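Enquirer: coordinates only, sequence not included:
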Ligand SMILES: Nc1ncnc2c1ncn2[C@@H]1O[C@H](COP(=O)(O)OP(=O)(O)OP(=O)(O)O)[C@@H](O)[C@H]1O
Ligand SMILES: Nc1ncnc2c1ncn2[C@@H]1O[C@H](COP(=O)(O)OP(=O)(O)OP(=O)(O)O)[C@@H](O)[C@H]1O
Ligand SMILES: Nc1ncnc2c1ncn2[C@@H]1O[C@H](COP(=O)(O)OP(=O)(O)OP(=O)(O)O)[C@@H](O)[C@H]1O
């Protein structure tokens, strides 16, 4: 049980702390923004093809 | 790995969101699958890391043995212990290969199980989508988006 | 109004016996129900009763010709159920005889493979008589139906004739399988049953990668990995849990196979310095019997994966037609028969075919992966031994 | 690994066994020795399937004779008042269970109808006979599947009357005592003979130090199975040094006997390891003489307490007498 | 000639026996021990014969009363709705099996029908009782599963603890245990007495050389049963020359003991002739320790390894010590 | 021919004991009636087995 | 239950009508004869002999 611990908080905090405040939130918003457009272009295609 | 994980998980949630939007009934049908999927995911992870770690450990002796057999070839043959060292290699090679073979079997078991789960989603999405378009007059393009 | 097997046409006058009972289309359909109902009732208590492991691992002869026949027999039965439901769309009557005979035939086929699998593990071949007295029982009546469809001149235009003509061959093919088991094992009305023992590879308790020694469906599903994966979640994996690999995959056995290939490749070709061409020929000759199997599965997998896009095209094309008017347009003998050109035009039928094709495609693709990996891992063991 | 478990569940891998043929009698025996809820499911399924299978063929005969056809008074059906499959199911239920309402009944000149009626009755009689036999033997045998015999988790080696004795406690959890209880104790060891013989699990029988030298034991209140380790006893060289877990020194105590109520002989084996044997300890007294009867404190049944005792070897103990 | 077959058939001939009772009560035991196909055939025949026999007599009664004659009359028939022998057969089926449809029913017309209805019911009730009684007895036979014990095809004379001893092997193929096991070893010989008596087949008990000096054993794994050939045994005058097929010697080993699951005593007799007694051989160890559980190799159950043993007489061998 | 609880009591007597007079009988078009008939027949048979087993 | 007792109804163990006393191996010995009629074996047969007299 102790071995099978992903340690997510520790590893995520290390990457988050090293990355800082600006370049961490930017990546989250940028990646999410890119994918919401991908859903949108398919959805817009459906409406146009309709 | 971080970039691939984010894209893979975002593509996944995007797919379920579209299918639920295309057919709200799928939301109900998402409850069983998202339950069993977790089990498949949870068990595989515990079976993967151990296997992956075991694989890496089993690579250390084999390759090291090779180095010894060239750094001490004269002594190895002088002792007339070539047969024992050949048997030592075969045990080492078998241990590494079965570690790798089981990892592939674990990878394939997850892939087939997730493939069946995704195939069930296709049937559920198709059935609900055709029912919606024949009776409730769902958009034809929306049916295509759900299936794709 | 009440659920009627034959129907409620002309004041339920479809139950007439005159002009021969066998000439009645409802009765030949009913005769088909009987062998399936017989097997369900006969073997259901038997499966409920039985409800190291090496002693119960022997595979009956034709262990692969039975599963692939069952799967294709399951597929045509799914098509029969789908076709029957299409056939009763026109009339108001339920016409339960169109699909219920075929529907529970698929159910009975599932029980037959379950019952056979239990006999395959638990080496009690003497029970493999119910299936025999069922298969011919499932063949005879089906032949009657086929001949009757030929008696009324149904022809290959009707989809039911094609499915029935195909389904009788499938029943015939596995009927040969059942008597083949009898011929090899010689347990029924025979004198000396031939002794068959489980393979010596699994006799040792030191084999845990039981991929060669497992049913074909679990070979393509990796069902044996469930016990190991569940065990992994509690006891961390050690080399004790992963007992050594079977003799078919051992490094020594692989080297013997690699060595014998080199002797063949260097004997006829006297001018063979064991260069790139000789080594490549040795690798091809040693592991070609498995690489081709991986390619055959992979090529079939690629072809099936394309049926998905075709299925989407068919589904959305039928849905785009706002008319939504469906009819089989013909009634051969008081029962409407649908044609193949309209069977693959229905959206629900196409969706079911898409789901079935997806199941087959993913299994074949993953099966090809493992075959290539096993050959690749086996070559690594052999190549390392030769280098050492 | 141990060849006998603490709970008496011996487990020895009988690997590579010659394939003795399987017979249908084994399946029939498995039906008899099934559990109670499973037996109900098997027989309910058997009864329901039998009625359903015969109802199907009853429907066939009526269909093939034109009985299921619309109304016509000229013909006489093979079964009167049979219209649908629901009536066919009811007719099969009436015939097999022998209710026989009579609204739907067999008629003459239909030889197939007479033949199936004979077949259904014969099948129904054999199915009912099996159910009675299975139920009859279930009550007789399944009652004797309970093991209410408790040993001690850990045995002791104490000093009684000057001689070393290996002792363990066994009690009965059922009011009815075991009749003619026979105790068998065996030391299991990979004893290689000096001549050259090697045997992996050689069993040496051990005496009982009873009042007559026999193996009879009365089980009312739990007693101590004390055996005096002497020169004849293989435990003559027992030492706390060889008492560690990884030592091949294991004791098997088996108390066979027959329970008075049912009459079926019962056996309850137990295995004691060297690590499970506590040297130089004494069992706590149990039976307190109250005013009217005797009190047994089963909570302190298998609790062993230390006592100042010699800790040498029984073989070395012979010097003290010398 | 053999005293008991290798399997345990015990091929002996009985002759000159007085007149056996051969009563009626034994024939029922013959019906009890019938095979499954034969019991089904016997019982189907019995039920069918009962139904048919009574069917004939109901038809005769209807014939005697003049009821099946065509033409409706005011005379109420003995049994109603009887117009053929097929109807008479169905009525007999209904009464005996107690289906009782009611389409054909007994009437108060003639007392002969009432008397014969009693006979059919009592015979039907007693036949069911016999059928159920036979079912109970036969069901136990299925649970019996008697002969499943294994003995080596050949026995040995080896050196255990330095002393020569006759030895054989016993194995229990059954998963279930055999409680209260007992080994009985006997020597079947033709010995003469110093007073002129010549016993044809003398059986001498042979001790099992157990630790407690008893016949009790415990079979969970294949075990070696050995008797130390000493001055207190008839084998003390053995010799290597006593190995011919027609030599006057035989060893019988009997494994009594009640099976734990069945709770009934089972016997397993085996014989070892002189040619089946192999000097200078030892039984290979079988049980091999494994991480999971102890492993037993049943292929080598009868396999032996040759060992040099004194090719002398026990009388001379023991004295020379 | 069901008209009161007395008639219903008589019908249950007829079925569980397996007399089946036939004045009161099970008809079709009432699947609930058929299902309880199966349940009552199974219950009656299992009770008889218990009674016969207990007598033994 | 009568079916169970049908098998056990009859017993057919035969004893000699009269006994003998003749020396065997020098030692004086009383002797009787026993036998079984049925082919089926009698398992775990036990012989107990008693001298009954007024003492
Ligand atoms: N009062 C009791 N009732 C029933 N069984 C008992 C009792 N006391 C002991 N036993 C049984 O005796 C064995 C061990 O005896 P002991 O008195 O040493 O118990 P223990 O140390 O509590 O054992 P455990 O760890 O099995 O619970 C076990 O099989 C246990 O079930
Ligand atoms: N062949 C046999 N069949 C049946 N019983 C026998 C047989 N031989 C002996 N017996 C039984 O053993 C007893 C003693 O046998 P024996 O040879 O003395 O006969 P007997 O003197 O003719 O006997 P009796 O006059 O008592 O009938 C007989 O009385 C009988 O009970
Ligand atoms: N592995 C085994 N499993 C079961 N029974 C065995 C086994 N080995 C031997 N026996 C039994 O022991 C006897 C013969 O022992 P042996 O080891 O000599 O075998 P064998 O030479 O193969 O015999 P056979 O040809 O008679 O079968 C037979 O009664 C046989 O059934």
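Expert: That came in fine, so what should we check first? Residues are numbered from 1 along each chain as shown, chains lettered A, B, ... in the order given. Ligands and ions are numbered 1, 2, ... in the order given.

Enquirer: Contact partners for the residue of chain A found nearest chain B?
Expert: Of all residues in chain A, the one sitting closest to chain B is residue A:46 (3.5 Å; CB to the nearest CB). Every C-beta, even on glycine, is put in place using the N, C-alpha and C of the backbone. Counting by CB atoms under 8 Å, 6 or more residues apart in numbering or on different chains, residue A:46 touches B:139, B:141-142, B:144-145.

Enquirer: Distance from the chain centre to the helix or strand encompassing residue A:23, please.
Expert: Taking DSSP states H and E as the definition, residue A:23 sits inside helix A:22-49. Chain-centre distance of helix A:22-49: 11 Å, with CA atoms, centre = their mean, to the nearest Å.

Enquirer: Give the buried residues for it.
Expert: By 16 or more other CB atoms under 10 Å in any protein chain shown, the buried positions in helix A:22-49 come out as A:35, A:39, A:46.

Enquirer: which non-adjacent residue is nearest the residue of chain A closest to chain B?
Expert: Counting by CB to CB, 6 or more residues apart in numbering or on different chains, residue A:46 lies nearest to residue B:141, which is 3.5 Å off, once chain neighbours are set aside.

Enquirer: The one you found against residue A:43, yeah?
Expert: No: in this structure residue B:141 lies outside contact range of residue A:43 using CB atoms under 8 Å: 9.1 Å.

Enquirer: Let's check: the centremost residue of chain B is which one?
Expert: Centroid-nearest residue in chain B, with CA atoms, centre = their mean: residue B:107, separated by 3.7 Å.

Enquirer: how near is that one to residue C:48?
Expert: Between residue B:107 and residue C:48 the distance, using CB to CB, to the nearest Å, works out to 37 Å.

Enquirer: Show me the residue of chain C that gets nearest to ligand 1, please.
Expert: Nearest to ligand 1, among the residues of chain C, is residue C:234, at 22.0 Å (CB to the nearest ligand atom).

Enquirer: for that residue, helix, strand, or coil?
Expert: The local conformation at residue C:234, judged by DSSP: H, G, I helix; E, B strand; the rest coil, is coil.

Enquirer: ok, residue B:64 - how many residues close by?
Expert: Residues lying near residue B:64 (other CB atoms under 10 Å in any protein chain shown) number 11.

Enquirer: Over to residue C:263?
Expert: Neighbourhood size, residue C:263 [other CB under 10 Å]: 9.

Enquirer: Then residue D:20?
Expert: 12.

Enquirer: With residue E:296 as the reference, measure out to the closest residue to it other than its chain neighbours.
Expert: Excluding the flanking residues, the one nearest residue D:20 by CB to CB, 6+ apart is residue E:173, at 6.4 Å. Distance of residue E:173 to residue E:296, computed by CB to CB: 11 Å.

Enquirer: repeat for residue C:143
Expert: 52 Å.

Enquirer: just residue B:11 next, same as before
Expert: Residue B:11 is 56 Å from residue E:296, where distance means CB to CB.

Enquirer: Same check on residue C:158?
Expert: For residue C:158 relative to residue E:296 (CB to CB), the value is 63 Å.

Enquirer: what's around whatever residue of the stretch 201-350 of chain C ends up closest to ligand 2, how many residues?
Expert: Minimum separation of the stretch 201-350 of chain C from ligand 2 (CB to the nearest ligand atom) falls at residue C:203, amounting to 54.7 Å. Neighbours of residue C:203 under the rule other CB under 10 Å: 18.

Enquirer: List the contacts of it.
Expert: So residue C:203 contacts C:54, D:15-16 (CB under 8 Å, 6+ apart).

Enquirer: let's go with 6 Å and repeat that
Expert: By CB atoms under 6 Å, 6 or more residues apart in numbering or on different chains, the contact set of residue C:203 is residue C:54.

Enquirer: The stretch 201-322 of chain D: helices as residue ranges?
Expert: Taking DSSP state H, counting those that start in this stretch as the criterion, the stretch 201-322 of chain D carries its helices at D:314-321.

Enquirer: again with chain B
Expert: Taking DSSP state H as the criterion, chain B carries its helices at B:2-22, B:25-71, B:73-78, B:82-131, B:140-147.

Enquirer: taking those helices together, which one is wrapped up most tightly?
Expert: helix B:140-147 (a mean of 21; mean count of other CB atoms under 10 Å in any protein chain shown).

Enquirer: what about the closest residue to ligand 2 within chain A, distance to residue C:208?
Expert: Here the residue of chain A nearest ligand 2 is residue A:1; by CB to the nearest ligand atom that distance is 78.6 Å. Per CB to CB, residue A:1 is found 24 Å from residue C:208.

Enquirer: If you count surrounding residues, which of those two has more?
Expert: Ranked by neighbour count (other CB under 10 Å), residue A:1 and residue C:208 place residue C:208 first, with 18 against 5.

Enquirer: what residues are up against the more buried one?
Expert: By CB under 6 Å, 6+ apart, the residues touching residue C:208 are residue C:243.
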